[PDB]
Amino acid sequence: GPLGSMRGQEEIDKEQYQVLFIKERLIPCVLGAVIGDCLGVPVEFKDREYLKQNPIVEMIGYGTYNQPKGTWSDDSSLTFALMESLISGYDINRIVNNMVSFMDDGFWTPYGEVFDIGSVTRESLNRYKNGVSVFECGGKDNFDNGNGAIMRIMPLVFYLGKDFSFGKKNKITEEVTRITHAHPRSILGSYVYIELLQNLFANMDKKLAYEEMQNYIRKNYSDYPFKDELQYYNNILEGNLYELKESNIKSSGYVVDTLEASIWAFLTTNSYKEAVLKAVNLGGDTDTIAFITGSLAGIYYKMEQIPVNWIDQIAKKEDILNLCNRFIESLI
């Protein structure tokens, strides 16, 4: 009819505008997280009081782990390993395979060497190598509740895309978390983080994104095995985290401390740079708290707020951008 050759254009338009929508969110989320990792690596385990006297304002080098400026750690490596696995579709056995390649062979490390990996993560992957199934190899002890799963699951939000329903999200977030962190307290943490990041992906203002996450988690995760774990999340899930003072914020690798700190850093600041520097200068698990904060601030404030000075110092920047573009292509 009179529409003629124009009829075909709509499917191409849909694809192209989906590329743009994803790219606008994915690239600053990844770069924002990676930069936080880079900022915090050289001060990991340093105390908050030392950082008050010597605050991070820029990328520094040759501190903890004795690495160059712009060196990212296992947080970024395992995130990249998940993006790589997802390009050909969700498959839990390809996901754990890529994590073992990071550990054993330095897959997606900055200079080919694993200079850091968490203990729960290492112990869990070693169990998988020995025949423990991917549904049983993760650490279940009360002191296995580190932050090593929340630091590596942000690509799941992009994989879900505009599927905002419960079922698939609920399944894959648990499955991917449980590879290393199988305690229900840690799994609940993953649902908290995914929900907040998804709400920011969906264009909610940050306070609404936070408030909607609180209602969602209480609605869906008040039955066993999570009912008894909600109490540990009371500062996040009840009241306003952004009313807490720095002196009330703990910045250890505990999954609760880390989520409190990173979400607080995001909600109490008004730019990307302010957020990630606030996170890093809490001391403690500085690379991971800043990576998580940077994922949240990155997707929210987007590329215009990510300093080019910092992007250009990231190790393997061009390879990371290539991986981002390959991941985006696979989501179309």
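Note that residue numbering follows the sequence shown and begins at 1.
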Which wins on mean Cα temperature factor, 283-291 or 60-68?
-> 60-68
What stretch has the higher average Cα B-factor here, 219-227 or 76-84?
-> 219-227
Could you tell me which one of 257, 212, 238, 205 shows the highest CA temperature factor in the PDB record?
-> 238
Going by the CA temperature factor in the entry, name the top one among 126, 173, 262, 198.
-> 126
Can you work out whether the C-alpha temperature factor of residue 132 puts it in the lowest, middle or highest third of the chain?
-> highest
In terms of the chain's CA B-factor thirds, is residue 16 lowest, middle or highest?
-> lowest
Quick one: classify residue 118 as lowest, middle or highest third of the chain based on its Cα B-factor.
-> highest
Residue 244 - Cα temperature factor, lowest/middle/highest third of chain = highest
Classify residue 103 as lowest, middle or highest third according to the C-alpha B-factor given in the PDB entry, relative to its own chain.
-> highest
